[PDB]
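Just so you know, the protein sequences line up as chains A and E, in that order. Number 57 in the entry's author numbering belongs to position 74 of the first sequence; there are no gaps in the numbering. With positions in the second sequence counted from 1, the corresponding number in the entry's author numbering is that position plus 2. No residue lacks a Cβ here, since even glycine has one placed at the ideal position from N, Cα and C.
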Amino acid sequence: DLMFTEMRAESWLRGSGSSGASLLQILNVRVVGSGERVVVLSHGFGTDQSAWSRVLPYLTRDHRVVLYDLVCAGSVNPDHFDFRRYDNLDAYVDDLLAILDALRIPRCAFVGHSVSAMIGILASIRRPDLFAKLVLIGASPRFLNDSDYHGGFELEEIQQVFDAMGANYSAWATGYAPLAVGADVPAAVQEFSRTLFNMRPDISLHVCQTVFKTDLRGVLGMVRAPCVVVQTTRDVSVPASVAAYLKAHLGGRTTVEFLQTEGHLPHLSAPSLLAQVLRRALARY
Amino acid sequence: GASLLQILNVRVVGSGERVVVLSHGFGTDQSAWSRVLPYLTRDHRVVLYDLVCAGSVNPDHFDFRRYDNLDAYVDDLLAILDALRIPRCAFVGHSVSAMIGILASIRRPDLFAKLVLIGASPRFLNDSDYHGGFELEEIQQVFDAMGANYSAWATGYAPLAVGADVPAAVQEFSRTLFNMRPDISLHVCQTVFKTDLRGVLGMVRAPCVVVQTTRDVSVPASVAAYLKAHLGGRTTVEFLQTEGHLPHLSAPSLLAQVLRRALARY
Ligand SMILES: CC1=C[C@H](O)OC1=O
């Protein structure tokens, strides 16, 4: 129908320019696959969208899959990192929403690793009508310990991290990569290292400060979207009591998938498992 | 139609007036370029795609009769460029993709301003006066191994093609080797060993950079010299200190700088 043509015609204009459209190139957005079922893959700290490469083939035959880099990723032009604007997660949220709008996507499923899990939680709250479902990996509503809440991190602790990062970043990253991967998977470690080196140390520091800062405990109940909470065995940055908290307290229908593998980056270190986990979590919505 | 763009997972990344095309080789897909891509995308527009035979393309699109030789792969390459309205670019080709781009620029001389060939050979079989690196009997044995039990073969093959001890490269390759349907791997493997471009090398006009690694199972040092001597365009050879047939997987800290220098002006 012609009317269909002209309706898409104006929304390309209504919105040409924006944040969104220009973003497509800035954030290296990629659409792959076929399906009327849309899936967004959102990576976390220290990586870029290449982190999803191993599991990507298992999704593209019957999903259209959207990937983008977080603005803090080393694969993004670092002049684009506005230190004021990206003070807290809300601004990363706006980017996601602007990407999806520019692509003209009214309903999708969202997969988020780590801080991207936070981003997705907030986006779902901002736009309950856009996310049919959430899949959350290595996710935490709050990293800092609190009076009754074990986050896994003390303030004095993160401050030590900060210092090490600022003192020699490349050395810090080399040491960090294995601890974050956790498992003895030398290929995940060398991949995580590489994207970690790509980031500019000041942006890494800004982003980490922004993550450790965040606390979503208060708004978990506002989520209306079904969630799959994916938790690995000995996640260094996510205790099991947290995964446990996150699940009880999300207000949409929530299921937990407890992976047998250890480490915080299963999409890198356990793709043989996570791919199948992901097919199942994304089969209907 | 450029439903081809979708079928082959085509991707465009970066910014710049200079276009670059990255084309991968046997047993991988465009993810093989991920480590060096961020070194190109600031001042290049980069086009990546998957060969019709990659494990990340729907295997139903693989027509055994059509893709009987390399001309069809070339067709796909050119169609991608036409669908994107790219009139000129630099091409970066690994292994079989090195052969492809050679055929391509012969076919459309105006389209490719420069070629960069990695792990490149015009012919893998040995011959009377020609040391290519392989013999027919030995090839037949690989086919048997691949047909007998494909995964177990892939696992043994990965580390030897990677060459060097870089387990991370071993694991990526092995992984994308696993993704290929066995019958498609054989057919493409087959096509590559029956290919001989020695006769058309002199027809290339584009300037070329030949990237040779130190102990490449598939590519004797002398093959690179041969390429150099017979390519019909202005040609230079870059010798990598590193070992192995897949430097974008196993030496990306080195290869990226090589590529930056190879693609800085054209
Ligand atoms: C999970 C996490 C720890 C690291 O320091 O930065 C992070 O985002």
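Given residue i as reference, the closest of the options once Cα atoms are compared
i, options, result
"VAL49 of chain A", "A:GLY135, A:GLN173, A:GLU(-11), A:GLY95", "A:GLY95"
"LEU261 of chain E", "E:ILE82, E:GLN214, E:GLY201, E:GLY29", "E:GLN214"
"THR30 of chain A", "A:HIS247, A:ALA4, A:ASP70", "A:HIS247"
"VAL118 of chain A", "A:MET182, A:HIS133, A:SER97, A:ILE82", "A:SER97"
"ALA56 of chain A", "A:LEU203, A:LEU86, A:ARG207, A:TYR75", "A:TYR75"
"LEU83 of chain A", "A:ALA227, A:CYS210, A:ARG200, A:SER2", "A:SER2"
"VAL54 of chain A", "A:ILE104, A:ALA258, A:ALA(-8), A:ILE186", "A:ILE186"
"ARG183 of chain A", "A:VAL172, A:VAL202, A:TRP155", "A:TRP155"
"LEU251 of chain A", "A:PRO161, A:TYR51, A:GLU(-11)", "A:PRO161"
"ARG90 of chain A", "A:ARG20, A:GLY134, A:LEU179, A:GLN32", "A:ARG20"
"residue 327 of chain A", "E:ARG44, E:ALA170, E:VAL22", "No answer is possible for residue 327 of chain A: it lies beyond the span of chain A, which begins at -16 and ends at 268."
"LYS230 of chain E", "E:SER220, E:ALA208, E:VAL190", "E:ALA208"
"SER17 of chain E", "A:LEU113, A:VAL172, A:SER(-6), A:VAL59", "A:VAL59"
"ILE102 of chain A", "A:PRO61, A:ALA4, A:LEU10, A:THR197", "A:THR197"
"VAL206 of chain E", "E:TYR268, E:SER153, E:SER107", "E:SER107"
"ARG263 of chain A", "A:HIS46, A:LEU10, A:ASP(-16)", "A:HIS46"
"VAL38 of chain E", "A:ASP167, A:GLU174, A:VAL219, A:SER99", "A:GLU174"
"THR157 of chain E", "E:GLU139, E:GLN143, E:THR178", "E:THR178"
"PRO222 of chain E", "E:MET148, E:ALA4, E:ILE120, E:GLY134", "E:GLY134"
"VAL22 of chain E", "E:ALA227, E:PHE114, E:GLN143", "E:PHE114"
"residue 2 of chain E", "E:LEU233, E:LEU42, E:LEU80, E:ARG110", "This structure cannot speak to residue 2 of chain E, because chain E is shown only from 3 to 268."
"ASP70 of chain E", "E:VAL190, E:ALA227, E:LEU199, E:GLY121", "E:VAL190"
"residue 280 of chain A", "A:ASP78, A:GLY(-2), A:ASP65", "As shown, chain A starts at -16 and ends at 268. That puts residue 280 of chain A outside it, with no answer to give."
"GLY121 of chain A", "A:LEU(-4), A:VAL15, A:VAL239", "A:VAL239"
"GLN142 of chain E", "E:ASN128, E:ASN151, E:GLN192, E:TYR132", "E:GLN192"
"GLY204 of chain A", "A:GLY235, A:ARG87, A:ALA4", "A:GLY235"
"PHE136 of chain A", "A:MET(-14), A:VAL225, A:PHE66", "A:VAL225"
"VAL219 of chain A", "A:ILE88, A:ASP129, A:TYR268, A:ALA166", "A:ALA166"
"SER(-6) of chain A", "A:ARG217, A:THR216, A:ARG87, A:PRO111", "A:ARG87"
For residue i, the three-state DSSP class (helix, strand or coil)
i, result
"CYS91 of chain A", "strand"
"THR43 of chain E", "coil"
"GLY0 of chain A", "coil"
"residue 273 of chain E", "The structure shown does not extend to residue 273 of chain E, since chain E is modelled only from 3 to 268, so the question has no answer here."
"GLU19 of chain E", "coil"
"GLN8 of chain E", "helix"
"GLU245 of chain E", "coil"
"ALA226 of chain A", "helix"
"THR215 of chain A", "coil"
"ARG13 of chain A", "strand"
"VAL38 of chain E", "coil"
"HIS96 of chain A", "strand"
"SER25 of chain E", "strand"
"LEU257 of chain A", "helix"
"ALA106 of chain A", "helix"
"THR(-12) of chain A", "helix"
"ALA115 of chain A", "strand"
"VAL206 of chain A", "coil"
"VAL221 of chain E", "strand"
For residue j and residue i, believed in contact at Cβ under 8 Å, the rounded distance
i, j, result
"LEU242 of chain E", "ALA253 of chain E", "6 Å"
"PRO124 of chain E", "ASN181 of chain A", "That pair is no contact at about 36 Å."
"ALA92 of chain E", "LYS116 of chain E", "4 Å"
"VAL194 of chain A", "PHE28 of chain A", "6 Å"
"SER99 of chain E", "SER25 of chain E", "4 Å"
"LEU10 of chain A", "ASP52 of chain A", "5 Å"
"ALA170 of chain E", "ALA170 of chain A", "4 Å"
"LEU188 of chain A", "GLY149 of chain A", "6 Å"
Interface positions of the region 157 to 178 of chain A facing chain E (Cβ-Cβ less than 7 Å), listed along the chain:
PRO169, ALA170, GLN173, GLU174, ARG177
Give me the subset of the region 15 to 29 of chain A whose CB atoms are less than 9 Å from a CB atom of chain E, sorted by chain position.
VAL15, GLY16, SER17
Using a Cβ-Cβ cut-off of less than 8 Å, list which residues of the region 44 to 66 of chain A approach chain E; keep chain order.
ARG44, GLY57, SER58, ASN60
Unbroken alpha helix (DSSP H) runs of length 4 or more, entirely within the region 121 to 157 of chain E: which are they?
138 to 150
Quick one: which unbroken alpha helix (DSSP H) runs of 4-plus residues sit fully inside the region 169 to 204 of chain E? Chain order, please.
169 to 181, 184 to 195
For the region 141 to 154 of chain A, which residues have a CB atom closer than 9 Å to at least one CB atom of chain E, in sequence order?
none
At 4 residues or longer, what runs of the alpha helix (DSSP H) sit wholly inside the region 51 to 85 of chain A?
72 to 85
Using a beta-carbon distance cut-off of less than 7 Å, what residues from the region 243 to 262 of chain E approach chain A?
none
What residues from the region 70 to 88 of chain A come within 8 Å of chain E, judged by C-beta to C-beta, listed N to C?
none
Residues of the region 4 to 15 of chain A in Cβ contact with chain E at a cutoff of 7 Å, in chain order, please.
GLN8, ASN11, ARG13, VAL15
Scan the region 215 to 241 of chain A for residues whose Cβ lies nearer than 8 Å to a Cβ of chain E and list them as they occur along the chain.
none
Name, going along the chain, the residues of the region 185 to 205 of chain E whose beta-carbon falls closer than 8 Å to a beta-carbon of chain A.
none
Below 8 Å between beta carbons is the criterion; list the residues of the region 33 to 44 of chain A that meet it against any residue of chain E, in chain order.
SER33, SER36, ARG37, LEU39, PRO40, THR43, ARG44
To be precise: take each residue of the region 95 to 129 of chain A, compare its Cβ to all Cβ atoms of chain E, and keep it if any distance is under 9 Å. Which residues remain?
none
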